[PDB]
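# Residue-level structure breakdown
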Amino acid sequence: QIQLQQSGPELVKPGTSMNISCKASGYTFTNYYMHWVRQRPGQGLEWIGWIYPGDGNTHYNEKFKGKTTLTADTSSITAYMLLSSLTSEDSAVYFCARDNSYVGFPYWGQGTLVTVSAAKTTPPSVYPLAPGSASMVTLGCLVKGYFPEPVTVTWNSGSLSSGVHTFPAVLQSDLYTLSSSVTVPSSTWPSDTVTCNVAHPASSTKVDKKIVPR
Amino acid sequence: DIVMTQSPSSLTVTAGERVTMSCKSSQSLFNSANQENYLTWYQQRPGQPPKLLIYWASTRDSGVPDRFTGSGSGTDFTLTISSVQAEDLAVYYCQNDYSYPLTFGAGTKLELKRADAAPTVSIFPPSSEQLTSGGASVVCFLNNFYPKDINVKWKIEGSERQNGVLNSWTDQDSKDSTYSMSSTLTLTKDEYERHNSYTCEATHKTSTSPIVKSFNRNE
C-alpha cells in the first residue's frame, strides 16, 4: 500500500519560485531515497536529484542544481522540492519517485503539472453537447476557455467509463478547449441521467453538467 | 553524462506479434565487480507516471508479465515483448542507474496495427448556455476508426469553412486500438445565427463516399 501523493497543479509566473509536495505513506519514510523526475510536455524523462529523509542527505543533477532545493519533513512524511527562478522551459510534469534497496524506481507519484506563464487562471465554461432535435446515441461535454492545464472529465462520477473518449485540449485564444465523448444505449437516454463531471484543479472549480435533450 | 540512445523512435505492430526495441549507452553500465548491468526499463501509458518493468537489465519486477524480457550487457540492451497486447500501447524508456547523473533514453513509442474501421460521426449544435456567451461552438465527433489519418470538412449552407476549426486526436485506444478525433467550429453568436444549415463531412480511407452529418437551426 505504498502511496506517493503529490500536490496539485499550479500556475506560476516566470522568475518566481514554486514549492511542490510529495506525501509518502505506506512505508518507513526515513529508510528510502526519494527521487524527483521532470517530464516536459511531449518530451522524455530527466532525473533531478534525490534526498534521503533519514538524514537530509541530497545529491543533484548538475543541470538542476542551480535552481532546485530538495527538503523532507519526517513528522509529516512529506518530501518537498523548491524550484526557483522558473522559466517557460520549466513548464513540465514533476514526479516524485521512491527507489528500493534492486535498482530503478518501483513507486511513483501521480505527477504535478507546473505551468510557467504570465496568463491568469481561468476556470472553464462547461457546455452540454446534446444531439439535434431532428441503436445508440453519443453525448458530450464541451470544456471551453480554461487555463492552465489540466482538467479531468468523468461521466456519472465514473460509472460510464466504457465508450468514453476525452480528447486532448488544444491551445487557442491563449486558453484551452477540451471536449469529451460518451456513448450509451439509446434506451437509457433520456430515460436515465447523463452528467459530465469537470474538475479544473488549478482553479479549484468543479462543474457537473447534466445533458438534457433539446 | 551517460547518453542513452533508444531505437526506433516508434514501433507499429499487430496484436500478437513480437517486437524488440534497443537501448544503447555511451558508456558501459556493467559492474565488473558483481557482474550486474545497472539498466532499468519503464513503461509509461498516456497521462500516467512511468511503471517499472525490468531492473538489473533482465530481472522482471513483481507483477510484470513474462512476455516482457530484457536482454543485453555492457552498452547494448534490448526490450522484447513476445506477444504484444492492445494494453501494451505506451512509451518505453530505458534508464542509466549506474552513475550520476541518472539518465533516461528518449523513449520508444509502441503503437498497434489493426483492421480498418470506419468512424462513427456525430454533430452537435451550440448549447443555449453558450449562445448567451456570445459564442457558438459546433462540435463533430469522429469515434473509433483506423487508421489515424482522417479528413474533416465543415460546410455552412453548402459553403466550405476553413479556419475557426480546431481538431484533436485521442491517443490510440488501449483495448480496441482505434482512434477518435473531435472537430470544433467556433463562431460568434451573431455569425452563427446569420446561418441555418451546418454540415460536418468525414472522409476516411474506409470509403470513397464521405460520412456527412448535418444540423439545421430550425429543426
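Numbers given to residues start from 1 along each chain, in the order its sequence is written, and need not follow the entry; residues that have no coordinates are not shown. Chain labels run from A onward and ligand labels from 1 onward, assigned in the order the entries are written. The side-chain quantities take in all heavy atoms of the structure and omit both hydrogens and water. Residues with missing side-chain atoms are left out of burial classes, side-chain pairs and their counts.

X-ray crystallography is the method the PDB entry lists for this structure, together with a resolution of 2.0000 Å.

### A few points about the overall build of chain B
Counting secondary structure elements, chain B contains 2 helices and 21 strands. The globule rule is 2.2 Å times the number of residues to the power 0.38, and the radius of gyration it is compared with is taken over C-alpha atoms. Taking 2.2 N^0.38 as the reference for a compact globule, 219 residues should give roughly 17 Å; the C-alpha atoms of chain B span a radius of gyration of 24 Å, well beyond that estimate. Projected onto the principal axes, the alpha-carbon positions of chain B cover approximately 80 × 35 × 30 Å. Note on definitions: a residue-residue contact is assigned when non-hydrogen atoms from the two residues lie within 4.5 Å. When contacts within chain B are restricted to residue pairs at least 6 apart in sequence, those whose partners lie at least 24 apart make up 58%. Under the scheme used here, helices are H or I runs from DSSP no shorter than 4 residues and strands are E runs no shorter than 2 residues, and both carry numbers assigned from the N terminus.

### A few points about the sheet that holds strand 3 (residues 19–25) of chain B
Residue and element names in this part refer to chain B. For two strands to be treated as a pair, DSSP must find at least two bridges joining them. The 4 strands are arranged 1-3-10-9 in an open sheet whose pairing can be described as antiparallel. Either end of the sheet is taken by a strand with one partner, and the two such strands are strand 1 (4–7) and strand 9 (68–73). The average undirected angle you get between the axes of adjacent strands in this sheet is 20°. Examined bridge by bridge, strand 3 and strand 10 (residues 76–81) share 6 bridges and lie antiparallel to one another. Within strand 10, the residue paired with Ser22 across the bridge is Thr78. A fitted line through C-alpha atoms serves as each axis, taken over the contacting stretch for helices, and the angle formed by two N-to-C directions is quoted from 0 to 180°.

### Quick notes on the domain arrangement of chain A
Residue and element names in this part refer to chain A. In terms of domains, chain A is made up of domain 1 (3–116) and domain 2 (125–211). All domain edges in this entry derive from an automatic or database-based domain assignment. Using C-alpha coordinates to define each centre, domain 1 is positioned 32 Å away from domain 2. Taken together, the 4 residues of domain 1 in the interface contact 6 residues of domain 2. As used here, buried area is the combined drop in accessible area, with a 1.4 Å probe, of two parts when they are placed together. With both sides pooled, the region where domain 1 packs onto domain 2 buries about 410 Å², and carbon together with sulfur makes up 85% of that total. Throughout this description, the term salt bridge denotes a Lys or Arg side-chain nitrogen within 4 Å of a carboxyl oxygen of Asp or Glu. The interface formed by domain 1 and domain 2 holds 0 salt bridges in total. Under this definition, polar contacts are N or O atom pairs within 3.5 Å; protein pairs additionally need one hydrogen-donor-capable and one acceptor-capable atom, and for neighbouring residues in sequence, both atoms have to be side-chain atoms. Run the count over domain 1 and domain 2 and you get 0 residue pairs in polar contact. Amino acid classes used here: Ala, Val, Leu, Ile, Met, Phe, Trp, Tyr, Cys and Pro are nonpolar; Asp, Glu, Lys and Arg are charged; the rest, including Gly, are polar. The class makeup of the residues in the side of domain 1 that touches domain 2 is 3 nonpolar, 1 polar and no charged.

### Remarks on the interface of chain A and chain B
On the side of chain B, 42 residues touch chain A, which itself brings 45 residues to the contact. For the side of chain A that touches chain B, the secondary-structure elements that each account for two or more residues are strand 4 (34–39), strand 5 (45–52), strand 12 (125–129), strand 13 (136–146), strand 15 (164–166), strand 16 (170–172) and strand 17 (175–185) of chain A. Sort the elements by how many residues they give to the side of chain A that touches chain B and strand 13 of chain A lands first, with 5 residues. Looking at the side of chain A that touches chain B, its residues break down into 21 nonpolar, 19 polar and 5 charged.

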